[PDB]
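Below is one structure, written out as structure tokens; comments come after it.
Only this structure's heavy atoms are used, side chains among them; waters, hydrogens and symmetry mates stay out. Each ligand, and each atom within it, is numbered from 1 in the order the structure gives. Residues: numbered from 1 along the sequence shown.
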Amino acid sequence: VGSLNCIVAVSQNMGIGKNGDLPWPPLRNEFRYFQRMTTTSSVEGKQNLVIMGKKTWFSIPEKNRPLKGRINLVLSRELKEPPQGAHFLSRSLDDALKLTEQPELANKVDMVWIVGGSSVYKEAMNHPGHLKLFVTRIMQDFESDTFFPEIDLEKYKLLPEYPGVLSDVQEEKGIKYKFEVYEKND
Ligand SMILES: NC(=O)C1=CN([C@@H]2O[C@H](COP(=O)(O)OP(=O)(O)OC[C@H]3O[C@@H](n4cnc5c(N)ncnc54)[C@H](OP(=O)(O)O)[C@@H]3O)[C@@H](O)[C@H]2O)C=CC1
Ligand SMILES: CCc1nc(N)nc(N)c1OCCCOc1ccccc1/C=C1\CCOC1=O
């Protein structure tokens, strides 16, 4: 099993979601960026694993459920089996990560991507160890009901560039955004 990573798109006021949707209108290339970063795996013969909470899973349109080319794990304590189209179900983030080291997955998983929501981000980010945050900064305020947790910059170093990540400002539908990578190791 390779690195542990979070990936998120967040508005200036730290919003990630509103009523099960994005706070902003669809940004097609931002979605393509999310698809590319979580799907691309260098290690031959393996796939990355995506971890998400239940509400994040049901936010994805059925057309894109499961996220293709990746192993899909859903976090829930109420569900008794993985939702339709999902691959795995765990009752805690710790259980999910431990599962990646079981023989069932031991040599199939390259990178692990936490793709939401807020509680899963928070726990991963505040758990000691080596972690990266791939953060798309939507550079406008958007009305939201779900927020990304605080990034402790004493711990998380903003990297000055990163291979495969555009450093310049993007713009879709009149909305400017930029890609960032943070890294901690504690
Ligand atoms: N902009 C972006 O980058 C992203 C946007 N989104 C949006 O963000 C919002 C997400 O809302 P949020 O409430 O954060 O959704 P979550 O994906 O966090 O769903 C939360 C549910 O997942 C389960 N769950 C969460 N953490 C754990 C855990 N550690 N162990 C076990 N079960 C767990 C619980 O389900 P139960 O009650 O069944 O136990 C909980 O009720 C949505 O609007 C979504 O559309 C989603 C992802 C990223
Ligand atoms: C592209 C958004 C994004 N961006 C970055 N940087 N990180 C993320 N973790 C992320 O969320 C991906 C899972 C959440 O997904 C959705 C959430 C709300 C509404 C729709 C979707 C899924 C869609 C819309 C386009 O087609 C899909 O599959």
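With a 4.0 Å cut-off on non-hydrogen atoms, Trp57 does not touch ligand 2 at all.
Look at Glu78 and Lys54 and you find a salt bridge, because one of the NZ, NE, NH1 or NH2 atoms lies within 4.0 Å of a carboxylate O, short of that distance.
In this structure, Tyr33 has its ring center closer than 6.0 angstrom to the ring center of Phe179. Separation of the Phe134 and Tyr162 ring centroids falls under the 6.0 Å cut-off.
Between the side chains of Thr136 and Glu30, at least one donor N or O lies within less than 3.5 Å of an accepting N or O. For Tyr177 and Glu172, the side-chain atoms include at least one donor-acceptor pair closer than 3.5 Å. In this structure, a donor-acceptor pair under 3.5 Å is present between the side chains of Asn5 and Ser3. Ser90 and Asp95 share no side-chain donor-acceptor pair at under 3.5 Å. A donor-acceptor contact closer than 3.5 angstrom links the side chains of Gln35 and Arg70.
Taking only nitrogen or oxygen atoms, main chain and side chain alike, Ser90 does not reach within less than 3.5 Å of ligand 1. For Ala9, a nitrogen or oxygen atom sits less than 3.5 Å from a nitrogen or oxygen atom of ligand 1, counting backbone and side chain alike. When only interatomic distances are considered, the shortest N/O to N/O separation between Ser119 and ligand 1 does not fall below 3.5 Å. Residue contacts with ligand 1: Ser59 is placed with a nitrogen or oxygen under 3.5 Å of a nitrogen or oxygen of the ligand (distance criterion only). For ligand 1, the polar-atom distance check against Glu78 finds a nitrogen or oxygen pair separated by under 3.5 Å. Considering backbone and side-chain N/O of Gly117, one or more are found under 3.5 Å from N/O of ligand 1. By the 3.5 Å distance cut-off applied to N or O atoms, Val115 is counted among the residues near ligand 2. Taking only nitrogen or oxygen atoms, main chain and side chain alike, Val8 does not reach within less than 3.5 Å of ligand 1.
Listed by number with element, the atoms of ligand 2 under 4.0 Å from a non-hydrogen atom of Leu22 are 17 (C), 18 (C), 19 (C). Within ligand 1, the atoms closer than 4.0 Å to a non-hydrogen atom of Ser92 are 30 (N), numbered from 1 in the order shown. Atoms of ligand 2 found under 4.0 Å from any heavy atom of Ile7, numbered from 1 in the order shown, are 6 (N), 7 (N), 8 (C), 9 (N). Within ligand 2, counting atoms from 1 as listed, the ones closer than 4.0 Å to a heavy atom of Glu30 are 1 (C), 2 (C), 3 (C), 4 (N), 5 (C), 6 (N). Taking every non-hydrogen atom of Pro61 and a distance limit under 4.0 Å, the qualifying atoms of ligand 2 come out as 22 (C), 23 (C), 27 (C), 28 (O). Close approach to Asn64 involves these atoms of ligand 2, each under 4.0 Å from a residue heavy atom: 26 (O), 27 (C), 28 (O). Heavy-atom contacts of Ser59 reach the following atoms of ligand 2: 17 (C), 18 (C), 19 (C), 20 (C), 21 (C) (cutoff under 4.0 Å). Of all the atoms in ligand 2, the ones that sit under 4.0 Å from a non-hydrogen atom of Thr136 are 6 (N).
Protein heavy atom closest to atom 47 (C) of ligand 1, with residue, atom name and distance, is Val115 O, 3.2 Å. Looking from atom 14 (O) of ligand 1 to the surrounding protein, the closest heavy atom is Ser118 N, 2.8 Å. Among all protein heavy atoms, the one lying closest to atom 14 (C) of ligand 2 is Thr56 CG2, 4.2 Å. Closest protein heavy atom to atom 26 (N) of ligand 1: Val120 CG2, 3.5 Å. Looking at atom 15 (O) of ligand 2, its nearest protein heavy atom turns out to be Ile60 CG1, 3.9 Å. In this structure, atom 7 (C) of ligand 1 lies nearest to the protein heavy atom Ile16 O, 3.6 Å. Closest to atom 19 (C) of ligand 2 among all protein heavy atoms lies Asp21 OD1, 3.5 Å. Summary of contacts: the protein heavy atom closest to atom 38 (O) of ligand 1 is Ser76 OG, 2.6 Å.
Going from atom CG of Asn72 over to atom CD of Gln47 covers 9.0 Å, rounded to the nearest 0.5 Å. Note that CH2 of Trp113 is 9.5 Å distant from SG of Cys6, once rounded to the nearest 0.5 Å. One distance of note links CD of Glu81 with OG of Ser76; it measures 11.5 Å at 0.5 Å rounding. Separating the CG atom in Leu4 from the CE atom in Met111 is a distance of 11.0 Å, to the nearest 0.5 Å. Between the OG atom in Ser118 and the CE atom in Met14 there is a gap of 14.0 Å [rounded to 0.5 Å]. Rounded to the nearest 0.5 angstrom, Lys132 NZ and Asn185 CG are separated by 9.0 Å.
Distance check on atom 5 (C) of ligand 1: some protein heavy atom falls below the 4.0 Å cut-off. Distance screen at 4.0 Å: atom 41 (O) of ligand 1 has no protein heavy-atom neighbour inside the cut-off.
Contact detail for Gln84 and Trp57: the closest heavy-atom pair is O-CZ2, 3.2 Å.
Residue-ligand proximity: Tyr121 is placed with a non-hydrogen atom under 4.0 Å from ligand 1. Proximity of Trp24 to ligand 1 is established by a heavy-atom distance of less than 4.0 Å. Distances from ligand 2 to the non-hydrogen atoms of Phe58 include no value under 4.0 Å.
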Evaluate the side-chain hydrogen bond (donor to acceptor under 3.5 Å, both in side chains) criterion for residues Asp94 and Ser92: first the C-alpha distance (whole Å), next the side-chain angles of each, then the deciding distance (0.1 Å), finally the verdict. CA-CA 5 Å; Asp94 269 1; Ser92 78; 5.5 Å; no
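Side chain of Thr40 to main chain of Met37: no donor-acceptor pair is present (N/O by atom type, distance under 3.5 Å, no hydrogens or angles).
For CD of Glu150, the number of neighbouring non-hydrogen atoms (other residues, nucleotides, ligands) closer than 6.0 Å is 12 at most.
Nearest to atom 24 (N) of ligand 1 by heavy atom, out of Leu75, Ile60, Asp145, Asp21, is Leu75. Atom 22 (O) of ligand 1 has its nearest heavy-atom neighbour, among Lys54, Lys122, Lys55, in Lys54. Remark: among candidates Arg91, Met52, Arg77, the nearest residue to atom 30 (N) of ligand 1 is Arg91, based on non-hydrogen atoms. Closest heavy-atom approach to atom 46 (C) of ligand 1 among the candidates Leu89, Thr56, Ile138: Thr56. Scanning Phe179, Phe34, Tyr121 for the heavy atom closest to atom 12 (C) of ligand 2 points to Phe34.
Linking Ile, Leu, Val, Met, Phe, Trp and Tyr whenever their side-chain heavy atoms come within less than 4.5 Å leaves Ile60 and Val8 in two separate clusters. Under a hydrophobic clustering in which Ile, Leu, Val, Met, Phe, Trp and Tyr are joined whenever their side-chain heavy atoms come within less than 4.5 Å, directly or via other members, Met52 and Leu89 fall into different clusters.
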